[PDB]
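Below is one structure, written out as structure tokens, with a few remarks after it.
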Amino acid sequence: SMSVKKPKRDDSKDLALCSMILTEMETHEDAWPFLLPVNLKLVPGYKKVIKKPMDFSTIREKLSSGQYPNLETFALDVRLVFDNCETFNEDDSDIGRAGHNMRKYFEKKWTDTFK
């Protein structure tokens, strides 16, 4: 509350650490469905159904341009990529499996870097 604070966590490396995690996700072999925005002209149903599209290139741009106010807003966008994937893709499909693999890979990196 006012004048009552927990001890100050050092957040000065968060920007660089999120950038590193994002690089790791970009270079994973299963990242290909997620690297670029879905083409809303060429994929029927995607624009209407997925209310907030998100992809790794868009996260990179947002991160590099100071649009994440803290590491939690970064994690929300990453998770959105995979939540979108689950909405649009059967679990039993290459893209569906890609999304689950990438989500697990992210969550481990996230815990190991910060938790």
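Within each chain, counting starts at residue 1; across the structure tokens, chains are named A, B, ... in the order shown, with ligands numbered 1 upward in that order.
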Item checked: All alpha helix (DSSP H) residues (DSSP, backbone) inside chain A, as JSON, numbers by chain -> {"A": [14, 15, 16, 17, 18, 19, 20, 21, 22, 23, 24, 25, 26, 27, 46, 47, 48, 49, 56, 57, 58, 59, 60, 61, 62, 63, 64, 71, 72, 73, 74, 75, 76, 77, 78, 79, 80, 81, 82, 83, 84, 85, 86, 87, 88, 94, 95, 96, 97, 98, 99, 100, 101, 102, 103, 104, 105, 106, 107, 108, 109, 110, 111, 112, 113, 114]}
Could you dump the residues just selected with C-alpha atoms as a CSV table (one decimal), in the first residue's frame?
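Heads up, here's the output in selection-v2.csv:
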chain,number,residue,atom,x,y,z
A,14,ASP,CA,14.2,-8.6,-17.8
A,15,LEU,CA,14.2,-6.9,-21.3
A,16,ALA,CA,17.4,-8.7,-22.3
A,17,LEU,CA,16.3,-12.0,-20.8
A,18,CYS,CA,12.8,-11.9,-22.6
A,19,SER,CA,14.7,-11.2,-25.8
A,20,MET,CA,16.9,-14.2,-25.3
A,21,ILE,CA,13.8,-16.5,-24.5
A,22,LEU,CA,12.2,-15.2,-27.7
A,23,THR,CA,15.3,-16.0,-29.7
A,24,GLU,CA,15.3,-19.5,-28.3
A,25,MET,CA,11.5,-19.9,-29.3
A,26,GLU,CA,12.3,-18.5,-32.8
A,27,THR,CA,15.0,-21.0,-33.5
A,46,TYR,CA,-9.1,-16.9,-38.9
A,47,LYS,CA,-10.0,-13.2,-38.8
A,48,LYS,CA,-13.5,-13.7,-37.5
A,49,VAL,CA,-12.7,-16.5,-35.0
A,56,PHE,CA,6.7,-14.3,-32.7
A,57,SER,CA,7.6,-11.5,-35.2
A,58,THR,CA,4.9,-9.2,-33.6
A,59,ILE,CA,6.1,-10.0,-30.1
A,60,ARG,CA,9.7,-9.1,-31.2
A,61,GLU,CA,8.6,-5.8,-32.6
A,62,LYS,CA,6.6,-5.0,-29.5
A,63,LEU,CA,9.5,-6.0,-27.2
A,64,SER,CA,12.1,-4.0,-29.3
A,71,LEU,CA,7.7,-9.3,-18.1
A,72,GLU,CA,4.1,-10.5,-17.3
A,73,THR,CA,2.7,-8.7,-20.3
A,74,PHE,CA,5.4,-10.4,-22.4
A,75,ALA,CA,4.4,-13.8,-21.1
A,76,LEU,CA,0.7,-13.1,-21.8
A,77,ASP,CA,1.5,-12.4,-25.6
A,78,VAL,CA,3.5,-15.6,-25.8
A,79,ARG,CA,0.8,-17.7,-24.2
A,80,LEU,CA,-1.8,-16.0,-26.6
A,81,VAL,CA,0.1,-17.4,-29.5
A,82,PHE,CA,-0.5,-20.9,-28.1
A,83,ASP,CA,-4.0,-20.3,-27.0
A,84,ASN,CA,-4.9,-19.1,-30.5
A,85,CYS,CA,-3.3,-22.2,-31.9
A,86,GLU,CA,-5.4,-24.4,-29.6
A,87,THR,CA,-8.6,-22.6,-30.7
A,88,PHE,CA,-8.0,-23.0,-34.4
A,94,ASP,CA,1.1,-31.1,-36.9
A,95,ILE,CA,0.3,-27.5,-36.0
A,96,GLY,CA,-1.7,-28.6,-33.0
A,97,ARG,CA,1.3,-30.7,-31.7
A,98,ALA,CA,3.7,-27.8,-32.5
A,99,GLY,CA,1.7,-25.5,-30.3
A,100,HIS,CA,1.8,-27.9,-27.3
A,101,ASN,CA,5.5,-28.5,-27.8
A,102,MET,CA,6.3,-24.8,-28.0
A,103,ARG,CA,4.1,-24.0,-25.0
A,104,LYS,CA,6.0,-26.6,-22.8
A,105,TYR,CA,9.3,-25.4,-24.1
A,106,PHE,CA,8.4,-21.7,-23.3
A,107,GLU,CA,7.1,-22.5,-19.8
A,108,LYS,CA,10.3,-24.3,-18.8
A,109,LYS,CA,12.5,-21.5,-20.0
A,110,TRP,CA,10.2,-19.0,-18.2
A,111,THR,CA,10.5,-20.9,-14.8
A,112,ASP,CA,14.2,-21.5,-15.2
A,113,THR,CA,15.0,-17.9,-16.0
A,114,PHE,CA,12.8,-16.1,-13.5
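As for atom CA of residue A:65 and atom CA of residue A:41, they are spaced 26.9 Å apart.
For the pair atom CA of residue A:69 and atom CA of residue A:1, the separation is 20.5 Å.
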Next item on the list: Excluding residue A:39 and residues on its chain fewer than 6 positions from it, collect all residues at most 12 Å away from it, counting only C-alpha atoms, and give them as number ranges by chain.
Entry: A: 33, 45-47, 53-55
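Atom to atom, atom CA of residue A:66 and atom CA of residue A:30 stand 27.2 Å apart.
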